[PDB]
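Enquirer: This is the structure I want to talk about, given as structure tokens.
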Amino acid sequence: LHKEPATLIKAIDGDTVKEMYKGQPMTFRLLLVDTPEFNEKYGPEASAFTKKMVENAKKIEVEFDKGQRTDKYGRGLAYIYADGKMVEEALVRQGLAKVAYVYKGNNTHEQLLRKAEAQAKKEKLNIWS
Ligand SMILES: Cc1cn([C@H]2C[C@H](OP(=O)(O)O)[C@@H](COP(=O)(O)O)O2)c(=O)[nH]c1=O
Ligand SMILES: [Ca+2]
């Protein structure tokens, strides 16, 4: 896989971020995780965590996997990186997202994220508490 540039337009919630990619605006949905909706327990915390991470970053990148690049709603499906740190990993490691929506052929970083989830779960962090 390869990283490509993008720029923040707007943090939306824990696992969706509006970004300018190839010069066009689009809502990205993070591959391989599920954050709580804003109205659910840990939702505002998840939104807050993603917001800070993307807003504070000097450099945002997107990394499509080997399969589907858009979902049925027109959202882009990618891993997102903030100054080289994967957003998914950071969220999962903090117990603010679950590994989720693991579909065949768009699952390259599954085991990395599972490892992080196991460590969050061990520490009984946030969703795991
Ligand atoms: C993460 C992801 C979600 N989706 C779709 C499945 C879910 O369909 P349904 O809306 O029909 O439940 C929806 C969940 O996204 P949200 O968690 O953003 O709601 O997004 C994909 O199709 N591919 C993906 O990689
Ligand atoms: Ca969600």
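All chain A residue numbers match Swiss-Prot; in order, they span 89-127, 134-223.
Header entry for method reads X-ray crystallography, 1.9 Å.
Including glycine, each Cβ sits where the backbone N, Cα and C put it.
Checked Swiss-Prot, it gives:
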ACT_SITE  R117  active site
ACT_SITE  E125  active site
ACT_SITE  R169  active site
BINDING   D103, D122, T123  Ca(2+) binding site
Enquirer: Excluding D103, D122, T123, which residues of the same chain place their Cβ within 8 Å of the centroid of the Cβ atoms of the recorded Ca(2+) site?
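Expert: Going along the sequence, the neighbours come out as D101, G102, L118, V121, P124, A140, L185, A191, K192, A194.
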Enquirer: Would you mind checking how many other C-beta atoms are within 10 angstroms of the C-beta on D122 (Ca(2+) binding site)?
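Expert: So the Cβ neighbour count for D122 (Ca(2+) binding site) comes to 17.
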Enquirer: Rounded to a whole angstrom, what is the C-alpha distance between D122 (Ca(2+) binding site) and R169 (active site)?
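Expert: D122 (Ca(2+) binding site) and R169 (active site) have their Cα atoms 15 Å apart.
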Enquirer: For the recorded positions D103, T123, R169, which sit with their CB under 6 angstroms from an atom of ligand 2?
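Expert: Among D103, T123, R169, near ligand 2: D103, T123.
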Enquirer: Here are the recorded positions: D103, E125. Which has the lowest count of other Cβ atoms within 10 Å?
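Expert: Selected from the recorded positions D103, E125 on minimum Cβ neighbours within 10 Å: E125.
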Enquirer: I'd like to verify something. Among the recorded positions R117, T123, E125, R169, which ones have a C-beta closer than 6 angstroms to some atom of ligand 1?
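Expert: What lies within reach of ligand 1, judged by Cβ under 6 Å, is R117.
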Enquirer: Can you grab the distance from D103 (Ca(2+) binding site) over to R169 (active site)? Cα atoms, rounded to a whole Å.
Expert: 11
Enquirer: Using a Cβ-Cβ cut-off under 8 angstroms and a sequence gap of six or more, which residues of the chain neighbour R169 (active site)?
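Expert: Correct list: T104, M114, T115, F116, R117.
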